[PDB]
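Engineer: Just passing along the structure, written as structure tokens.
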Amino acid sequence: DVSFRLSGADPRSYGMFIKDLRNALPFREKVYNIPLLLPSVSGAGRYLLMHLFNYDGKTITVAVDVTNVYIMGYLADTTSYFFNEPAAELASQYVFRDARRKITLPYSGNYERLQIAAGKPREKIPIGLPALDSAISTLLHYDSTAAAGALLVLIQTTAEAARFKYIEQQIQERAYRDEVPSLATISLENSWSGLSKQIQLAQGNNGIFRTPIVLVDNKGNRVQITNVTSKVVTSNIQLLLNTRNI
Ligand SMILES: Nc1ncnc2c1ncn2[C@H]1C[C@H](O)[C@@H](COP(=O)(O)O)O1
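Quick note on my numbering: the sequence shown kicks off at 1225 and runs consecutively.
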């Protein structure tokens, strides 16, 4: 398991939690010095538990698929909550089995669906550590519309920060003041599967992308990623989604 306490949190302690989350995900191989997530994990070991505590010490436990860093669902007191998708249904067989009832949220966990359920695209929802405090407070007690926004904040501040060092640093900048994600943040979140695919294929193509990836960089500017010496591959990406799961 990994934990993050918002009470007393600072950029350093958030950075330690994201390091904890990345290190809980198993890998057998690195490709260009980046951990390659596993094709597959049978049974209960597939799911990592993240214990998150709001400013007031109230807690949720979030279940995370270790092959793709996808949040499946979460435990608040005696109620489990799962996304309306087959992989979350599967997770509910292994995690949160001492729960009084199980609510299937009325949406899948993908970004397009959560955005429709929340009524706002990610482009317009402030992110940061205070936002994660609010998200944890929202999820303690069922509210499906409120929970869509809260889940968009939870995913970006945990899973997306684990996947990209730049996103971790953007949340550190937002330790005490929320701000809509940067253009580079939304670009990287949208591009993780594509970059993961092109980095694995570059093994066999002399570190050259078979299909170049269009991103936004830290200065707001277009950058075309054509090969593995790019800063996105050498510094930024921290985990690779396995080609088998693309
Ligand atoms: N539930 C959940 N958990 C973890 N990560 C998530 C989740 N939903 C979306 N995302 C992340 C993961 C995808 O690689 C990416 C989708 O971006 P896009 O280009 O918009 O499809 O953002």
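Every residue, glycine too, gets a C-beta built ideally from N, C-alpha and C.
Helix, strand or coil for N1460? Go by DSSP, reduced to three states.
Structural biologist: helix
Engineer: At a threshold of 7 Å, does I1295 count as lining ligand 1 (C-beta to nearest heavy atom)?
Structural biologist: At least one heavy atom of ligand 1 lies less than 7 Å from the C-beta of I1295.
Engineer: List the endpoints of the continuous beta strand (DSSP E) containing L1465.
Structural biologist: Neither: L1465 is in no beta strand (DSSP E) and is coded neither H nor E.
Engineer: What does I1449 pair with, by DSSP beta-bridge criteria?
Structural biologist: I1437
Engineer: Please identify the residue among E1413, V1255 and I1295 whose C-alpha is closest to the C-alpha of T1453.
Structural biologist: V1255
Engineer: Tell me the start and end of each unbroken beta strand (DSSP E) in the region 1227-1294 that is at least 3 residues and wholly inside, in chain order.
Structural biologist: 1251-1255, 1258-1261, 1271-1277 and 1283-1289
Engineer: Can you check which of these residues, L1375, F1306, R1387 and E1336, is closest to residue 1487 by C-alpha distance?
Structural biologist: It is not possible to answer for residue 1487, since the shown part of the chain is limited to 1225 through 1470.
Engineer: Are there 16 or more other CB atoms within 10 angstroms of the CB of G1444, so buried, or fewer, so exposed?
Structural biologist: exposed
Engineer: Would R1337 and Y1331 qualify as a contact pair, given that the criterion is a beta-carbon distance under 8 Å?
Structural biologist: yes
Engineer: For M1274, which option in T1302, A1248, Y1366 and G1281 has the closest C-alpha, if you only look at C-alpha atoms?
Structural biologist: It is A1248 whose Cα lies nearest to the Cα of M1274.
Engineer: Tell me which residue opens and which closes the alpha helix (DSSP H) that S1415 is part of.
Structural biologist: Per DSSP, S1415 is one residue of the alpha helix (DSSP H) stretching across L1407 to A1426.
Engineer: Would you say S1316 touches ligand 1, meaning its beta carbon is less than 7 Å from a heavy atom?
Structural biologist: No, ligand 1 has no heavy atom inside 7 Å of this Cβ.
Engineer: Near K1326, what residues of its chain come up, given a Cβ to Cβ distance below 7 Å and the 5 sequence neighbours on each side ignored?
Structural biologist: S1304, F1306 and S1316
Engineer: For the alpha helix (DSSP H) containing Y1335, list its first residue and its last residue.
Structural biologist: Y1335 to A1342
Engineer: Once you ignore the five residues that flank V1457 on each side, which residues in its own chain have a CB closer than 7 Å to its CB?
Structural biologist: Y1256 and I1423
Engineer: Just to confirm the assignment, what range does the alpha helix (DSSP H) spanning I1395 have?
Structural biologist: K1389 to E1397
Engineer: Just how far apart, CA to CA, sit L1465 and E1253?
Structural biologist: 12 Å
Engineer: Would you mind stating whether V1286 and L1276 have Cβ atoms separated by less than 8 Å?
Structural biologist: A Cβ-Cβ contact shorter than 8 Å links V1286 with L1276.
Engineer: Quick check: what's the CA-CA separation for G1281 versus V1226?
Structural biologist: Distance between the alpha carbons of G1281 and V1226: 16 Å.
Engineer: Given this structure, state the Cα-to-Cα distance separating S1411 from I1295, to the nearest angstrom.
Structural biologist: 20 Å
Engineer: Under three-state DSSP, which class holds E1313?
Structural biologist: helix
Engineer: Out of curiosity, what's the CA-to-CA distance linking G1269 and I1351?
Structural biologist: So the two alpha carbons sit approximately 30 Å from each other.
Engineer: For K1326, does the three-state DSSP call read helix, strand or coil?
Structural biologist: strand
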